[PDB]
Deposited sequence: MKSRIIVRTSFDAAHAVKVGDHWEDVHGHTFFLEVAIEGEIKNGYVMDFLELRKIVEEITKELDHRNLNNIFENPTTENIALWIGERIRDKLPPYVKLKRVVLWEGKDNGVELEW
């Protein structure tokens, strides 16, 4: 069995023009003391990351601000801030409400 905690967040940003992004992050790990990892913690991490995207011109931070590339970008930074013993399992980034990218490790 695999156990993971999931957090959903959202942020806005424009590229080429100002969309709402729905982010879903799944973190895998063992259940210890009743939990994989603190919900608030993970949300703090993710929000710090998206705060750098929030209402900004992605085309300045990305050579090509595609949903796939924005997701890759986010995953790399989530991973760097994750505590030990857990791993980034999945990142789902929706640009709009029915169009998204799913990265799975």
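Chemist: Take the full deposited sequence, match it to the modelled residues, and report the stretches without C-alphas.
Modeler: No coordinates exist for the deposited residues in 17-26, so this stretch alone is absent from the model.
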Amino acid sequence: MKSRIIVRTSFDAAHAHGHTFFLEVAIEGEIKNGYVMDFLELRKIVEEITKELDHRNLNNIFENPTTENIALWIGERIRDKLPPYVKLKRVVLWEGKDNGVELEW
From here on, numbers count along this sequence of modelled residues.
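Chemist: Give the stretch, out of 47-55 and 24-32, with the larger mean C-alpha temperature factor in the deposited entry.
Modeler: Mean C-alpha B-factor is greater for 47-55.
Chemist: Lowest, middle or highest third of the chain for the C-alpha temperature factor of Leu88?
Modeler: It belongs to the lowest third of the chain when residues are ordered by C-alpha B-factor.
Chemist: Ranked by Cα temperature factor within the chain, is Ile74 in the lowest third, the middle third or the highest third?
Modeler: It belongs to the lowest third of the chain when residues are ordered by C-alpha B-factor.
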